[PDB]
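Sequence lines, in order, name chains A, B, C, D, E, F, G, H and I.
The numbering of the first sequence is UniProt numbering, which starts it at 219 and goes up by one.
The numbering of the second sequence is UniProt numbering, which starts it at 219 and goes up by one.
The numbering of the third sequence is UniProt numbering, which starts it at 365 and goes up by one.
The numbering of the fourth sequence is UniProt numbering, which starts it at 219 and goes up by one.
The numbering of the fifth sequence is UniProt numbering, which starts it at 219 and goes up by one.
The numbering of the sixth sequence is UniProt numbering, which starts it at 147 and goes up by one.
The numbering of the seventh sequence is UniProt numbering, which starts it at 365 and goes up by one.
The numbering of the eighth sequence is UniProt numbering, which starts it at 510 and goes up by one.
The numbering of the ninth sequence is UniProt numbering, which starts it at 2 and goes up by one.
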Amino acid sequence: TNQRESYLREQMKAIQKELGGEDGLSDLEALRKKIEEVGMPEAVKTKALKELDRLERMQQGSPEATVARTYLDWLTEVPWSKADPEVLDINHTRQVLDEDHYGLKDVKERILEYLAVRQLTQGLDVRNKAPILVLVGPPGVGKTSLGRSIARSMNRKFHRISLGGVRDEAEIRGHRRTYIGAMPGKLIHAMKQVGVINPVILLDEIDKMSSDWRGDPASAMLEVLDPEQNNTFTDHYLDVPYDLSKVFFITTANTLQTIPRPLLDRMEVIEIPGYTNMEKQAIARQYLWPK
Amino acid sequence: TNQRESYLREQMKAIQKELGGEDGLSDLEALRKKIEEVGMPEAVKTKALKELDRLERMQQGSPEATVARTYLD
Amino acid sequence: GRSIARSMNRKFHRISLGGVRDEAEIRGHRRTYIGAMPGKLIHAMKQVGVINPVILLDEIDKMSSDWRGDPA
Amino acid sequence: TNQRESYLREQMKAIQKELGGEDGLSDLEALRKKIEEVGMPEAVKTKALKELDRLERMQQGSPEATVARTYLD
Amino acid sequence: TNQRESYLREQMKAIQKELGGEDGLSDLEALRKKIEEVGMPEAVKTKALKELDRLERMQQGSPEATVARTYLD
Amino acid sequence: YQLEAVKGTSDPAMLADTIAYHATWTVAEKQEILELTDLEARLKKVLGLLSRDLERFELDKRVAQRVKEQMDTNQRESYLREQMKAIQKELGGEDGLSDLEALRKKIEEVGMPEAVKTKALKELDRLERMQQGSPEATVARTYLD
Amino acid sequence: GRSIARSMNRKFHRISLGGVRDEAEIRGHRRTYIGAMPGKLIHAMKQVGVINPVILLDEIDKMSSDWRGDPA
Amino acid sequence: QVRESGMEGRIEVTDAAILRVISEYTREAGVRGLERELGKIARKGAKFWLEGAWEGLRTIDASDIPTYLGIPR
Amino acid sequence: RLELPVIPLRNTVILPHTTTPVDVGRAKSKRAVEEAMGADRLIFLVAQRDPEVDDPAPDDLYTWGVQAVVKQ
Ligand SMILES: Nc1ncnc2c1ncn2[C@@H]1O[C@H](COP(=O)(O)OP(=O)(O)O)[C@@H](O)[C@H]1O
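See below:
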């Protein structure tokens, strides 16, 4: 009886592996397929080789295969060799900031100077070894719609990631793909939200990041702020760096002071006030009331 | 092909007779029929299908299926 | 909200959101094995039998926001 | 003693190959490699063999395996 | 496969517990060799094993649980 | 043929080099054998490597017999233990299920809700474990208590 | 210090040790959770990856020292 | 700041202008504020060249200082 | 000795006074094989290292080379 029951039991757990385990292996095969269609770089092919040695799991609870294929989803979903044919016209940005916002004509030109030195880079690659932009003002100012303005003004894409609520570096430097919950900060979530490799990505309320966590996400930002190391930036979860020289980061705050010291470097300051009541009427009557 | 998938399913169910507990597992098969017959969206249905064929694990010895009941119900 | 359910001719299922701390129950808990329990929300919108109920989110000021995931 | 301990290392890798059947060599066996050929004193070396032996429990459902991995890092 | 798996599971009993390679899973052996090495009075040993029981009824996920770990150390 | 190829040797190099080729160790150790230009040093080094690999052979051989003797003692210990689990298949499991029968008779004298009867049957699927008297079976017998 | 490094022809480094208050992040913290980390001295030591580097340490005058150990 | 500017060979700030930038904008005993001055000069000049050179050698004398930067601080 | 062809032995040196087979598959060492019949069946059998490329570089050879009178 023991021989018969063991012989039958093994066959029914074998069919259970055909029923429950085999679907996991098949879906992970499909994720290997989207590696071969996505057009990885060969170092990112090496990370996909690490994926090939990571997709061998029955996934139930903190599972390596699920957060590993989540990393694969991010890595395919951070785009690769898309162009975004950015219009190299400061005057295009000049008309966009007027057509989408009223503006003081006192802050647009600093943006235009920044995009000018984007347009006059020493590298043929556009570089950011100069100080990068920071915006300070009221929250009610259209900083994100200015992100949309510099998206459409440079043919790029703007992705509303409000970083100002994010606190932990474990959110920012997402940990190893050994446990689900190794989830990146909102930059890879917005780079998911783009399918071209050079988007408009905004950095939000660095004054409002108070360091309420072990580890410094401002240091992690400095790893993605300095263009000599954003292209070498990995978190735990990345191992080959997604290069972020193409992935432009504009920083933007509201309070002048509680930005951390490791992020006061490479800043060029833009201070915006509110609007006069006539300008409030103007923005209302041509934008907000038509909205 | 469909009658092949069916016949492998009643040999899967026929071996659920004489083994473990048919009570409980027949609850899982009627449960999963209730699971299928409520109208899932197609992405919801397909990502429920892996969870469905993982609920095919025997509930006690593979207690992943036990929380899969309380998941797919 | 019961009068709203009379008016709109919809089902409802109220649920209580006071002093709740963990996204094991605020959100679902990770199904590591048997007895992973996802909490009040999924049972609450399991008790309804339509995709259009009105949902009574109650005493929300009484949260205790801490780890094992956040209510907000 | 050295020709014993070489065979002891050969079978000491065998538990991590059983782990590498499911949770593969990808990072874990690489940490096993950074245990030896990266030069450290023998106190560190014995501690690192101990730390591989701190691992190989189970990984689906525990950050304690991860924290042993990262202190092993 | 199960025959060779049984053979290697017998071999790991035969070669490492017998000889001086390692004391098996050395996470618990580390957790107790940190107790054995020091020679404290046994009241503090009972306090250490009490904190051990506190850190075994939970999976070291509390913010005070790592303080309990490093304080046990 | 490696043994008879090294028999009938006149020169010391007819013996030692043929043996060290027909022996089984590493190739990087050949360089130290020849770099020891004295034939006494080569002979002593080859003898030391032969003894080292022989002692490795006794080590692997004694742990192979350790594997087969623990296979024998676990086989016969499990064989007597499955005579016990065969009585527990025959007599002890019937007594455990008789405890479950008495409490199921108390189920039909007070009267469960039939979902609770179904759960008694469900942890009776966790029970009715004729294969072994498990601690899970003990705690499910406490459950059915 | 970079000029000193290239004069010595050993590798420059710097770590902003200014404001650093915690020996549990300079002699680090013994870990049972994902996230405790050793020193920035240790981190810089890795970043050079060489036993004889030229490592600037930054701004030690303002060494805050309240909790998590004094790194002094 | 000109290699960093990427508009090399076209910007040519006179030294009297440099002394006036020292004398008008920044009062630090460091130099980084003056680098930010010259960066603003380079940025506004890059904007100006971006539609074309009026000169292939931007003679930035003491006159055109608040034309590539804000009025003397 | 000298002006005798070199066959890189495949991962194992030929110890003297032993009946061993020497196998040549690559055409570049087949050139040394065809030269070896021009060397009065006396090949300066210098073995290469454990990695051997298809076109055998002499820098990969060992510092000890055996000489064999070819039986056939
Ligand atoms: N001159 C202007 N300044 C600010 N906002 C403007 C202006 N003209 C139009 N707007 C609109 O007002 C909105 C400001 O509100 P909001 O979107 O909350 O700002 P943000 O989200 O960027 O902080 C913007 O979406 C923008 O489209």
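Positions of the beta carbon are idealized from the N, C-alpha and C atoms, including for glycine.
Is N449 (chain A) near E304 (chain A), with beta carbons less than 8 Å apart?
Working through the first sequence from its first residue, we reach residue 449 (chain A) at position 231. Working through the first sequence from its first residue, we reach residue 304 (chain A) at position 86. The answer is no: Cβ separation not under 8 Å.
Kindly identify the DSSP beta-bridge partner or partners of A438 (chain A).
On the first sequence, residue 438 (chain A) is found 220 positions in, with the first residue counted as 1. Looking at the DSSP assignment, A438 (chain A) forms no beta bridge with any residue, so it has no partner.
Tell me, please, whether the segment 309–318 of chain A touches the segment 470–483 of chain A by the rule of three or more beta-carbon pairs shorter than 8 Å.
With the cut-off at 8 Å, the segment 309–318 of chain A and the segment 470–483 of chain A do not touch.
Please report the residue range of the alpha helix (DSSP H) in which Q221 (chain A) lies.
Looking up residue 221 (chain A) in the first sequence gives position 3. Run containing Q221 (chain A): 220–234, per the alpha helix (DSSP H) assignment.
Closer than 9 Å between beta carbons: that is the criterion. Which residues of the segment 259–271 of chain F meet it against chain B?
Under the 9 Å Cβ criterion, the segment 259–271 of chain F contributes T264, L267, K268, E269, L270, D271.
Is it buried or exposed, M217 (chain F), if we count other Cβ atoms within 10 angstroms and call 16 or more buried?
Numbered from its first residue, the sixth sequence carries residue 217 (chain F) at position 71. Exposed is the call here.
So which residues put a beta carbon under 7 Å from any heavy atom of ligand 1, going in chain order?
Result: A:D318, A:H319, A:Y320, A:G321, A:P357, A:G358, A:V359, A:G360, A:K361, A:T362, A:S363, A:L364, A:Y493, A:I501, A:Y505, A:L506.
Which residue comes first and which comes last in the alpha helix (DSSP H) that contains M160 (chain F)?
Within the sixth sequence, numbered from 1, the residue matching residue 160 (chain F) stands at position 14. That run of the alpha helix (DSSP H) goes 158–168.
Within 10 angstroms of its Cβ, does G279 (chain B) collect 16 or more other Cβ (buried), or is it exposed?
Locating residue 279 (chain B) in the second sequence gives position 61, counting from the first residue. Its Cβ having fewer than 16 others within 10 Å, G279 (chain B) is exposed.
Quick check: what's the CA-CA separation for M439 (chain A) versus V344 (chain A)?
Stepping through the first sequence from its first residue, residue 439 (chain A) is reached at position 221. Stepping through the first sequence from its first residue, residue 344 (chain A) is reached at position 126. For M439 (chain A) and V344 (chain A), the distance between alpha carbons rounds to 20 Å.
Would you mind sorting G492 (chain A) into buried or exposed? The rule is 16 or more other CB atoms within 10 Å of its CB.
Translated into the one-based positions of the first sequence, residue 492 (chain A) becomes position 274. Its Cβ having fewer than 16 others within 10 Å, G492 (chain A) is exposed.
Only counting the same chain, and skipping five residues up and downstream in sequence, which positions put a Cβ closer than 6 Å to that of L189 (chain F)?
Walking along the sixth sequence from the start, residue 189 (chain F) turns up at place 43. Excluding positions up to five away in sequence, the list reads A162.
Find the residues of chain F that neighbour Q278 (chain B), judging by a C-beta separation of less than 9 Å, and give them in chain order.
Reading the second sequence from its first residue, position 60 is the one you call residue 278 (chain B). The contacting residues are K268, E269, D271, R272, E282.
In angstroms, rounded to a whole number, what distance separates the CA positions of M258 (chain A) and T294 (chain A)?
In the first sequence, residue 258 (chain A) corresponds to position 40, counting from 1. In the first sequence, residue 294 (chain A) corresponds to position 76, counting from 1. Going from the Cα of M258 (chain A) to the Cα of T294 (chain A) covers about 8 Å.
Relative to the C-alpha of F203 (chain F), which residue among F:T170, F:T284, F:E186 is closest?
In the sixth sequence, the residue the question calls residue 203 (chain F) occupies position 57. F203 (chain F) has its Cα closest to that of F:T170, out of F:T170, F:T284, F:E186.
Just checking: is the beta-carbon of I398 (chain G) within a distance shorter than 8 Å of some beta-carbon in chain D?
Taking the first residue of the seventh sequence as 1, we reach residue 398 (chain G) at position 34. Chain D, which has a Cβ nearer than 8 Å to the Cβ of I398 (chain G), makes this yes.
Cβ of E521 (chain H) less than 8 Å from any chain A Cβ?
Here residue 521 (chain H) refers to the residue found at position 12 of the eighth sequence. No - not a single Cβ of chain A is within 8 Å of the one on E521 (chain H).
DSSP has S380 (chain C) in a bridge; who is on the other side?
The count along the third sequence starts at 1 and reaches residue 380 (chain C) at position 16. DSSP lists C:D422 as partners of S380 (chain C).
Could you tell me the distance, in whole angstroms, from the CA atom of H319 (chain A) to the CA atom of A369 (chain A)?
On the first sequence, residue 319 (chain A) is found 101 positions in, with the first residue counted as 1. On the first sequence, residue 369 (chain A) is found 151 positions in, with the first residue counted as 1. The alpha-carbon atoms of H319 (chain A) and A369 (chain A) are separated by roughly 14 Å.
Is the beta carbon of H393 (chain A) closer than 8 Å to that of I398 (chain G)?
The sequence position of residue 398 (chain G) within the seventh sequence is 34, counting from 1. The sequence position of residue 393 (chain A) within the first sequence is 175, counting from 1. In this structure, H393 (chain A) lies closer than 8 Å to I398 (chain G) by Cβ.
Specify the secondary structure class of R366 (chain A) as computed by DSSP and reduced to three states.
As a working mapping, residue 366 (chain A) is identified with position 148 in the first sequence. Looking at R366 (chain A) - three-state DSSP - the assignment turns out to be helix.
What whole-angstrom Cβ distance do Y147 (chain F) and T21 (chain I) have, given they're in contact under 8 Å?
Taking the first residue of the sixth sequence as 1, we reach residue 147 (chain F) at position 1. Taking the first residue of the ninth sequence as 1, we reach residue 21 (chain I) at position 20. With 8 Å as the limit, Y147 (chain F) and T21 (chain I) do not qualify as a contact, their Cβ atoms being about 13 Å apart.
What does a CB cutoff of less than 8 Å around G238 (chain D) pick up in its chain, not counting 5 residues either side in sequence?
In the fourth sequence, residue 238 (chain D) corresponds to position 20, counting from 1. Counting only Cβ-Cβ distances below 8 Å, and skipping sequence neighbours, we find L246, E247.
Which residues, taken in chain order from the segment 166–197 of chain F, show a beta carbon closer than 9 Å to some beta carbon of chain I?
Those would be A166, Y167, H168, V173, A174, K176, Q177, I179, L180, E181, in chain order.
Excluding five sequence neighbours on each side, which residues of the same chain lie with their C-beta closer than 6 Å to the C-beta of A571 (chain H)?
Locating residue 571 (chain H) in the eighth sequence gives position 62, counting from the first residue. Contacts found: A525, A526, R529.
Using three-state DSSP, classify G413 (chain G) as helix, strand or coil.
The count along the seventh sequence starts at 1 and reaches residue 413 (chain G) at position 49. Reduced to three states, the DSSP call for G413 (chain G) is coil.
Please check if any C-beta of chain H sits within less than 8 Å of the C-beta of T339 (chain A).
Taking the first sequence and counting its residues from 1, one reaches residue 339 (chain A) at position 121. Chain H contact via Cβ: present.
Okay, do the segment 204–212 of chain F and the segment 226–244 of chain F touch, 3+ Cβ pairs below 8 Å being the bar?
Segments in contact, no.
Do you know offhand how far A436 (chain G)'s Cα is from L482 (chain A)'s?
By one-based count along the seventh sequence, residue 436 (chain G) stands at place 72. By one-based count along the first sequence, residue 482 (chain A) stands at place 264. One C-alpha to the other measures close to 26 Å.
To which residues does DSSP link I520 (chain H) through a beta bridge?
What you label residue 520 (chain H) is simply residue 11 of the eighth sequence in a count that begins at 1. In DSSP, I520 (chain H) forms a bridge with H:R567.
Strictly by DSSP, which residues pair up with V352 (chain A)?
Looking up residue 352 (chain A) in the first sequence gives position 134. BP columns for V352 (chain A) point to A:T469, A:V487.
Is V256 (chain F) helix, strand or coil by DSSP?
Position 110 of the sixth sequence, counted from the first residue, corresponds to residue 256 (chain F). Three-state DSSP puts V256 (chain F) in a helix.
Find out if the Cβ-Cβ distance for the pair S429 (chain A), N346 (chain A) is shorter than 8 Å.
As a working note, residue 429 (chain A) is residue 211 in the first sequence. As a working note, residue 346 (chain A) is residue 128 in the first sequence. No, the pair does not count as a contact, with Cβ atoms beyond the cut-off.
One question on the structure: do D422 (chain G) and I379 (chain G) come within less than 8 Å of each other, judged by their Cβ atoms?
Along the seventh sequence, one-based indexing puts residue 422 (chain G) at 58. Along the seventh sequence, one-based indexing puts residue 379 (chain G) at 15. Yes. Within cutoff.
At a CB distance below 7 Å, what residues from the segment 373–407 of chain C approach chain B? Give them in sequence order.
The segment 373–407 of chain C vs chain B, Cβ under 7 Å: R395, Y397, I398, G399, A400.
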